[PDB]
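K.L.:
I have a structure here, written as structure tokens, and I will follow up with some questions on it.
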Amino acid sequence: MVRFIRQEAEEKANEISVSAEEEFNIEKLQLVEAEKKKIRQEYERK
Amino acid sequence: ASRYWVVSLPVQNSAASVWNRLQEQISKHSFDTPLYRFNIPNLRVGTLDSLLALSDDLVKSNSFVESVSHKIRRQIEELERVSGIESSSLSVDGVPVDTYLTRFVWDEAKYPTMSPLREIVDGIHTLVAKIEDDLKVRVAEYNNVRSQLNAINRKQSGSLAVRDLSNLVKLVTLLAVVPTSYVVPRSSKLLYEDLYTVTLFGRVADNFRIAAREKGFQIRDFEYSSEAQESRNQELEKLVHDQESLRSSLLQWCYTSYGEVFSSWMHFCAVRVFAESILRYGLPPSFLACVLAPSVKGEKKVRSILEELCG
Amino acid sequence: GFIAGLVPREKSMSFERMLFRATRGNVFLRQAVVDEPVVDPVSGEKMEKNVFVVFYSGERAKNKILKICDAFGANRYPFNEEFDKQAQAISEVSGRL
């Protein structure tokens, strides 16, 4: 009962953590796409 | 319509003595009660926030139910043809009202969010907000029809105080003097009879005045032209069409809105019963209650059966 | 949540009757003995009012519990997480009184 609601809140915090992890993975993919873009631009300039 | 007549029975302690007894072979059913209902569980166990929201919005749900009932009753009474709907005709949850309670197929993702009960309360509130638009549209249609119907055909039938051009005689004027010798050609008789005419001619204004309003009978007012009478008749036809629309097509729309409001009230009652069960049993969604419309002695028998779990 | 407060012994039935569904059967209020009338926070005449601490679940339920405790008017003080701090506060309050 009460322990169920507490575990639900803890799982909500863990789900926020997992959503943050997924958003950070997407952001890392976008950042390394930008890194590939700047590397390609600098390599073309070189 | 019908007030809320669903006993708050948790899953562990259903309406009857046994949890399964509520579905069939109930002690209430021994008194021929049609009490039978089930609740569709939510995707996840609702949090204490969902129960708090249900407790806070109990008054809001009561207000919404009152609004729905009043709107449906007014729609049935006013159009005078929307009351033809029945329990099966309303088809709440695709079933008659008695079977509608036993049918939880409306608790899917379609109208409710099917998410934890916290989102289900928001979905029910959104459904109530959408239903309020039905009452607003009904009020607007009623106002428009009343403006239409009362606008035309509200005058008289000719040769009277109003709309006397419909009985006009078409030198002569619309008088219809209801309870003459001169040089002017008074030897004439107008056809302004639905009333009567008098000997008059336009060559002398005195003769027409004497025959219309100088003394005795008084000249009745008429629409300026017979074309005004024809326009009044056309507007009367259009007003009758608008009133028939409001009384048949808008009445069917009102009946559909009443069925939708009954379905929404049933869903809100199911949500409230789920909240009550979560209060009186395990938090995850689980209900074994039943809904019916028995007599007062039937309610007493239900209370005797469910005295184990009483509020 | 925390529903720390006070529920009068005389008004124990009223407190139990009100917000019965809010308790949900998992919240129990440890009412004080209140054999001697507890001094009122505003009235020196005191009243036979107990102190009860319950468990709060749900935001609206907690708000309703707080409102009911306020309407009760019993002698209520904040409940420290550690019992030692609450006892020290009680001793200090008694000395100040």
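We label chains A, B, ... in the order they appear in the structure tokens, count residues from 1 in each chain, and number ligands from 1 in the order shown.
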Please check the contacts: residues of chain A at most 10 Å away from chain C, using only C-alpha atoms, listed as a PyMOL selection string.

P.N.:
chain A and resi 1-2+5

K.L.:
Store the residues picked out above in a file with C-alpha atoms, as a compact mmCIF listing (two decimals), in the first residue's frame.

P.N.:
# COMPACT_ATOMS: atom_id res chain seq x y z
CA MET A 1 0.00 0.00 0.00
CA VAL A 2 2.12 2.87 1.31
CA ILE A 5 3.35 4.37 -3.47

K.L.:
What residues in chain B lie within 7 Å of chain A, counting only C-alpha atoms, written as a PyMOL selection string?

P.N.:
chain B and resi 47-48+282-283

K.L.:
Quote the spacing between atom CA of residue 71 of chain B and atom CA of residue 258 of chain B in Å to one decimal place.

P.N.:
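Going from atom CA of residue 71 of chain B over to atom CA of residue 258 of chain B, I get 8.0 Å.
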
K.L.:
At a cut-off of 7 Å, which residues of chain B touch chain C? Count only C-alpha atoms and give the answer as a PyMOL selection string.

P.N.:
chain B and resi 48-49+51-53+56+279-280

K.L.:
Could you list, as a list in words, every residue within 8 Å of segment 90-94 of chain B, counting only C-alpha atoms and ignoring same-chain residues fewer than 6 positions away?

P.N.:
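Near neighbours after the sequence-gap exclusion: residues 100, 103, 104, 105, 106, 255, 256, 258, 259, 260, 262 and 263 of chain B.
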
K.L.:
Output the selection as a PDB file, in the first residue's frame - N, CA and C atoms for each residue.

P.N.:
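Output file out-v5.pdb is given in full below:
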ATOM      1  N   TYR B 100     -24.835  -1.238 -19.463  1.00  0.00           N
ATOM      2  CA  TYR B 100     -23.754  -0.260 -19.557  1.00  0.00           C
ATOM      3  C   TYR B 100     -22.879  -0.288 -18.312  1.00  0.00           C
ATOM      4  N   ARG B 103     -20.588  -3.091 -18.452  1.00  0.00           N
ATOM      5  CA  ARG B 103     -19.630  -2.977 -19.545  1.00  0.00           C
ATOM      6  C   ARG B 103     -18.597  -1.914 -19.190  1.00  0.00           C
ATOM      7  N   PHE B 104     -17.334  -2.326 -19.090  1.00  0.00           N
ATOM      8  CA  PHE B 104     -16.223  -1.419 -18.848  1.00  0.00           C
ATOM      9  C   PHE B 104     -15.404  -1.161 -20.108  1.00  0.00           C
ATOM     10  N   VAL B 105     -15.969  -1.447 -21.284  1.00  0.00           N
ATOM     11  CA  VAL B 105     -15.252  -1.263 -22.541  1.00  0.00           C
ATOM     12  C   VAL B 105     -14.962   0.195 -22.851  1.00  0.00           C
ATOM     13  N   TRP B 106     -15.646   1.126 -22.191  1.00  0.00           N
ATOM     14  CA  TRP B 106     -15.401   2.548 -22.375  1.00  0.00           C
ATOM     15  C   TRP B 106     -14.226   3.051 -21.547  1.00  0.00           C
ATOM     16  N   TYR B 255     -30.115  14.191 -27.695  1.00  0.00           N
ATOM     17  CA  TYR B 255     -30.183  12.820 -27.198  1.00  0.00           C
ATOM     18  C   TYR B 255     -28.817  12.147 -27.258  1.00  0.00           C
ATOM     19  N   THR B 256     -28.072  12.378 -28.340  1.00  0.00           N
ATOM     20  CA  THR B 256     -26.709  11.864 -28.425  1.00  0.00           C
ATOM     21  C   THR B 256     -25.825  12.478 -27.347  1.00  0.00           C
ATOM     22  N   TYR B 258     -26.898  13.545 -24.476  1.00  0.00           N
ATOM     23  CA  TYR B 258     -27.344  12.949 -23.221  1.00  0.00           C
ATOM     24  C   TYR B 258     -26.750  11.560 -23.036  1.00  0.00           C
ATOM     25  N   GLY B 259     -26.695  10.774 -24.112  1.00  0.00           N
ATOM     26  CA  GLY B 259     -26.035   9.480 -24.033  1.00  0.00           C
ATOM     27  C   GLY B 259     -24.554   9.605 -23.733  1.00  0.00           C
ATOM     28  N   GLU B 260     -23.890  10.571 -24.371  1.00  0.00           N
ATOM     29  CA  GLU B 260     -22.478  10.814 -24.092  1.00  0.00           C
ATOM     30  C   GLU B 260     -22.272  11.271 -22.654  1.00  0.00           C
ATOM     31  N   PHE B 262     -24.246  10.532 -20.116  1.00  0.00           N
ATOM     32  CA  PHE B 262     -24.452   9.348 -19.289  1.00  0.00           C
ATOM     33  C   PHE B 262     -23.210   8.468 -19.283  1.00  0.00           C
ATOM     34  N   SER B 263     -22.585   8.287 -20.448  1.00  0.00           N
ATOM     35  CA  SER B 263     -21.350   7.510 -20.511  1.00  0.00           C
ATOM     36  C   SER B 263     -20.240   8.173 -19.704  1.00  0.00           C
TER      37      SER B 263
END

K.L.:
If you run DSSP over the backbone, which residues in chain C end up helix (DSSP H, G or I)? Put them as a PyMOL selection string.

P.N.:
chain C and resi 12-17+20-23+59-72+83-96

K.L.:
Find the residues near residue 15 of chain C: any atom within 8 Å, counting only C-alpha atoms, skip ones fewer than 5 places away on the same chain, and give them as a list in words.

P.N.:
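Those residues are residues 7, 68 and 72 of chain C.
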
K.L.:
Emit the selected residues as a PDB file, in the first residue's frame, including C-alpha atoms.

P.N.:
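Output (part10.pdb):
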ATOM      1  CA  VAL C   7      -6.909  15.720  17.648  1.00  0.00           C
ATOM      2  CA  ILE C  68      -9.217  19.568  10.052  1.00  0.00           C
ATOM      3  CA  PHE C  72      -9.986  21.027  15.863  1.00  0.00           C
TER       4      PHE C  72
END

K.L.:
Write out as number ranges by chain each polymer residue whose atoms come within 8 Å of residue 45 of chain B, counting only C-alpha atoms; drop sequence neighbours fewer than 6 positions from it.

P.N.:
B: 116-117, 283-285

K.L.:
Any idea what's packed within 10 Å of residue 3 of chain B, counting only C-alpha atoms, ignoring anything in its chain fewer than 5 positions away? Could you give it as a list in words?

P.N.:
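Near neighbours after the sequence-gap exclusion: residues 65, 66, 69, 265 and 293 of chain B.
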
K.L.:
Among the residues of chain C, find those DSSP assigns to strand (DSSP E or B) from the backbone and print them as a ChimeraX atom specification.

P.N.:
/C:2-3,38,47,54-55

K.L.:
Residues near residue 14 of chain B, anyone? I mean within 10 Å using only C-alpha atoms, not counting same-chain ones fewer than 2 positions away, as a PDB file with N, CA and C atoms, in the first residue's frame.

P.N.:
ATOM      1  N   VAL B   7     -23.058   1.635  -5.242  1.00  0.00           N
ATOM      2  CA  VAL B   7     -22.465   1.520  -3.917  1.00  0.00           C
ATOM      3  C   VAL B   7     -20.957   1.367  -4.044  1.00  0.00           C
ATOM      4  N   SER B   8     -20.220   2.095  -3.209  1.00  0.00           N
ATOM      5  CA  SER B   8     -18.759   2.047  -3.225  1.00  0.00           C
ATOM      6  C   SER B   8     -18.315   0.731  -2.598  1.00  0.00           C
ATOM      7  N   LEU B   9     -18.104  -0.280  -3.437  1.00  0.00           N
ATOM      8  CA  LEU B   9     -17.694  -1.599  -2.991  1.00  0.00           C
ATOM      9  C   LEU B   9     -16.279  -1.896  -3.469  1.00  0.00           C
ATOM     10  N   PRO B  10     -15.317  -2.063  -2.565  1.00  0.00           N
ATOM     11  CA  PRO B  10     -13.960  -2.431  -2.985  1.00  0.00           C
ATOM     12  C   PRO B  10     -13.920  -3.840  -3.559  1.00  0.00           C
ATOM     13  N   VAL B  11     -12.771  -4.172  -4.153  1.00  0.00           N
ATOM     14  CA  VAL B  11     -12.609  -5.481  -4.782  1.00  0.00           C
ATOM     15  C   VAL B  11     -12.658  -6.590  -3.738  1.00  0.00           C
ATOM     16  N   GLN B  12     -11.945  -6.412  -2.623  1.00  0.00           N
ATOM     17  CA  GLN B  12     -11.921  -7.441  -1.588  1.00  0.00           C
ATOM     18  C   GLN B  12     -13.305  -7.656  -0.988  1.00  0.00           C
ATOM     19  N   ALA B  16     -21.851  -7.878  -2.849  1.00  0.00           N
ATOM     20  CA  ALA B  16     -22.394  -9.022  -2.136  1.00  0.00           C
ATOM     21  C   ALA B  16     -21.412  -9.505  -1.073  1.00  0.00           C
ATOM     22  N   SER B  17     -21.761 -10.624  -0.438  1.00  0.00           N
ATOM     23  CA  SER B  17     -20.917 -11.223   0.589  1.00  0.00           C
ATOM     24  C   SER B  17     -19.563 -11.632   0.022  1.00  0.00           C
ATOM     25  N   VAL B  18     -19.569 -12.322  -1.120  1.00  0.00           N
ATOM     26  CA  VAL B  18     -18.322 -12.746  -1.742  1.00  0.00           C
ATOM     27  C   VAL B  18     -17.959 -11.793  -2.874  1.00  0.00           C
ATOM     28  N   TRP B  19     -16.655 -11.693  -3.154  1.00  0.00           N
ATOM     29  CA  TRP B  19     -16.196 -10.823  -4.233  1.00  0.00           C
ATOM     30  C   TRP B  19     -16.740 -11.279  -5.582  1.00  0.00           C
ATOM     31  N   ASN B  20     -16.703 -12.587  -5.846  1.00  0.00           N
ATOM     32  CA  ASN B  20     -17.263 -13.102  -7.090  1.00  0.00           C
ATOM     33  C   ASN B  20     -18.784 -13.081  -7.070  1.00  0.00           C
ATOM     34  N   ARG B  21     -19.385 -13.035  -5.878  1.00  0.00           N
ATOM     35  CA  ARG B  21     -20.840 -13.056  -5.780  1.00  0.00           C
ATOM     36  C   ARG B  21     -21.458 -11.798  -6.377  1.00  0.00           C
ATOM     37  N   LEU B  22     -20.696 -10.703  -6.426  1.00  0.00           N
ATOM     38  CA  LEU B  22     -21.217  -9.468  -7.005  1.00  0.00           C
ATOM     39  C   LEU B  22     -21.542  -9.645  -8.483  1.00  0.00           C
ATOM     40  N   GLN B  23     -20.680 -10.351  -9.219  1.00  0.00           N
ATOM     41  CA  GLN B  23     -20.927 -10.583 -10.638  1.00  0.00           C
ATOM     42  C   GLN B  23     -22.170 -11.441 -10.848  1.00  0.00           C
ATOM     43  N   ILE B  26     -25.629 -12.877  -6.237  1.00  0.00           N
ATOM     44  CA  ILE B  26     -25.432 -11.938  -5.141  1.00  0.00           C
ATOM     45  C   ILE B  26     -26.582 -12.049  -4.144  1.00  0.00           C
ATOM     46  N   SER B 277     -12.094   2.125  -3.760  1.00  0.00           N
ATOM     47  CA  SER B 277     -11.501   0.808  -3.555  1.00  0.00           C
ATOM     48  C   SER B 277     -10.032   0.922  -3.173  1.00  0.00           C
ATOM     49  N   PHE B 287     -11.332  -3.457  -8.698  1.00  0.00           N
ATOM     50  CA  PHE B 287     -12.688  -3.212  -8.235  1.00  0.00           C
ATOM     51  C   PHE B 287     -13.574  -4.406  -8.559  1.00  0.00           C
ATOM     52  N   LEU B 288     -14.544  -4.657  -7.679  1.00  0.00           N
ATOM     53  CA  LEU B 288     -15.523  -5.722  -7.863  1.00  0.00           C
ATOM     54  C   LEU B 288     -16.928  -5.231  -7.536  1.00  0.00           C
ATOM     55  N   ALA B 289     -17.160  -3.927  -7.660  1.00  0.00           N
ATOM     56  CA  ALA B 289     -18.434  -3.329  -7.301  1.00  0.00           C
ATOM     57  C   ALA B 289     -19.478  -3.591  -8.384  1.00  0.00           C
ATOM     58  N   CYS B 290     -20.696  -3.113  -8.139  1.00  0.00           N
ATOM     59  CA  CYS B 290     -21.789  -3.259  -9.087  1.00  0.00           C
ATOM     60  C   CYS B 290     -22.661  -2.015  -9.023  1.00  0.00           C
ATOM     61  N   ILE B 305     -26.086  -6.502   2.998  1.00  0.00           N
ATOM     62  CA  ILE B 305     -25.080  -7.393   2.424  1.00  0.00           C
ATOM     63  C   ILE B 305     -23.680  -6.814   2.598  1.00  0.00           C
ATOM     64  N   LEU B 306     -23.535  -5.500   2.432  1.00  0.00           N
ATOM     65  CA  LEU B 306     -22.227  -4.854   2.407  1.00  0.00           C
ATOM     66  C   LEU B 306     -21.884  -4.133   3.706  1.00  0.00           C
ATOM     67  N   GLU B 308     -20.227  -5.198   5.937  1.00  0.00           N
ATOM     68  CA  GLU B 308     -18.832  -5.506   6.235  1.00  0.00           C
ATOM     69  C   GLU B 308     -17.920  -4.344   5.861  1.00  0.00           C
ATOM     70  N   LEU B 309     -18.171  -3.714   4.716  1.00  0.00           N
ATOM     71  CA  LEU B 309     -17.405  -2.558   4.255  1.00  0.00           C
ATOM     72  C   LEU B 309     -18.377  -1.399   4.041  1.00  0.00           C
TER      73      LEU B 309
END

K.L.:
Work out how far apart atom CA of residue 229 of chain B and atom CA of residue 144 of chain B are and give it in Å to one decimal.

P.N.:
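Those two atoms sit 22.7 Å apart.
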
K.L.:
For a test of reading the model, state the distance in Å between atom CA of residue 252 of chain B and atom CA of residue 154 of chain B, rounded to one decimal.

P.N.:
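These two atoms are separated by 26.5 Å.
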